[PDB]
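Secondary and tertiary structure notes
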Amino acid sequence: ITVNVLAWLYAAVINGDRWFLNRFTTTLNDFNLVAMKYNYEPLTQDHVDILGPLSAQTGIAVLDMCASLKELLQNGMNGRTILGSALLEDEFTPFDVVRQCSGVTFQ
């Protein structure tokens with residue numbers, strides 16, 4: 001669940017992991033092509049809008065998250081770990097990330 005992954009990445013930013021960021025950018029269309037290859041679910045604008053608040057927090061564009069993700073997928077993590085995991089974590093929903101890492105969330 002890419003949508004979970006992006007949230008997790010946002011958590012990573014909150015947690016101060018930063019090496020995995022890059023200064024590149026991507027398009028949703030381009031991203032989805034890469035995702036499809038790797039049997040990742042596509043990111044839709046719906047989930048962009050889900051991730052909007054998280055983008056607000058971290059100042060990182062969703063597409064920029066996608067781009068950095070793209071590099072991560074293509075080249076792998078190169079033995080590196082993120083949040084002490086050697087595996088890209090897709091277990092955490094955006095809501096969970098938001099709950100833990102945005103303090104009090106308004107409705």
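Residues numbered from 1 in each chain as written, not as in the entry; some residues may be left out. Heavy atoms only, no water.

Moving on, we get to the overall build of the chain. Across its full length, the chain holds five helices and zero strands. Walking the chain from its N terminus toward its C terminus, one meets helices and strands in the order α-α-α-α-α. Each principal axis of the C-alpha distribution contributes one length, and for the chain these read about 35 × 30 × 25 Å. Carbon and sulfur atoms form 55% of the exposed surface of the chain, whose accessible area is close to 6300 Å². Charge-centre separation for the chain: the mean point of 6 positive side chains lies 10 Å from the mean point of 11 negative side chains. (Helix = DSSP H or I, 4+ residues; strand = E, 2+ residues; numbered from the N terminus. Areas by Shrake-Rupley, 256 points an atom, 1.4 Å probe, with all protein chains shown as cover. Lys, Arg positive; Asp, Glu negative; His and termini not counted. Charge placed at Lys NZ, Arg CZ, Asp CG, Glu CD.)

Next up on the list: the pattern of salt bridges. With the rule as written, the count across this model stands at one salt bridge. With its nearest N and O atoms 3.1 Å apart, the salt bridge here joins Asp 96 to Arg 99. Placement of both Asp 96 and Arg 99 in helix α5 (residues 94-101) is noted, with a separation of three residues, approximately one turn of the helix. By relative accessible area, which is 52% here, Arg 99 ends up exposed. (Salt bridge = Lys/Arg side-chain N within 4 Å of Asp/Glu carboxyl O. Buried < 20%, exposed > 50% of the residue type's maximum accessible area, 1.4 Å probe, protein only.)

Note that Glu 89 resides in the loop between α4 (62-75) and α5. Among the polar contacts made by the side chain of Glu 89, one reaches the side chain of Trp 8 at a distance of 3.0 Å. Engagement of the side chain of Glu 89 in a polar contact is seen with the side chain of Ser 85, the distance being 2.8 Å. Beyond its immediate sequence surroundings of up to four residues, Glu 89 is in contact with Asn 4, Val 5, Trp 8 and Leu 83. (Polar contact = N/O pair within 3.5 Å; in protein donor to acceptor, adjacent residues only side chain to side chain. Contact = heavy atoms within 4.5 Å.)

Taken as a whole, helix α2 (residues 28-37) has its buried residues at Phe 31, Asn 32, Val 34 and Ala 35. Looking straight down α2, one finds its buried side chains confined to an arc of 160°; they lie on one side. With respect to the buried face of α2, the exposed residues turned more than 90 degrees away are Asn 29, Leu 33, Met 36 and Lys 37. Turning to α2, the residues buried within the fold contact α1 (2-15) and α4. Within two residues after α2, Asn 39 carries a phi angle of roughly 60°, on the positive side. (Arc of directions from axis to C-beta.)

Buried together is how nonpolar side chains tend to be arranged in soluble globular proteins. Among the nonpolar cores identified, the biggest contains 29 residues, and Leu 6, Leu 9, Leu 43 and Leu 69 are the most heavily contacted of them. Per-element tally for this core: the top contributor is α1, with 10 residues. The residues contacting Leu 43, other than those within four sequence positions of it, are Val 3, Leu 6, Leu 28, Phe 31, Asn 32, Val 48, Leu 51, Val 62 and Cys 66. (Core = buried A, V, L, I, M, F, W, Y, C linked by side-chain atoms within 4.5 Å.)

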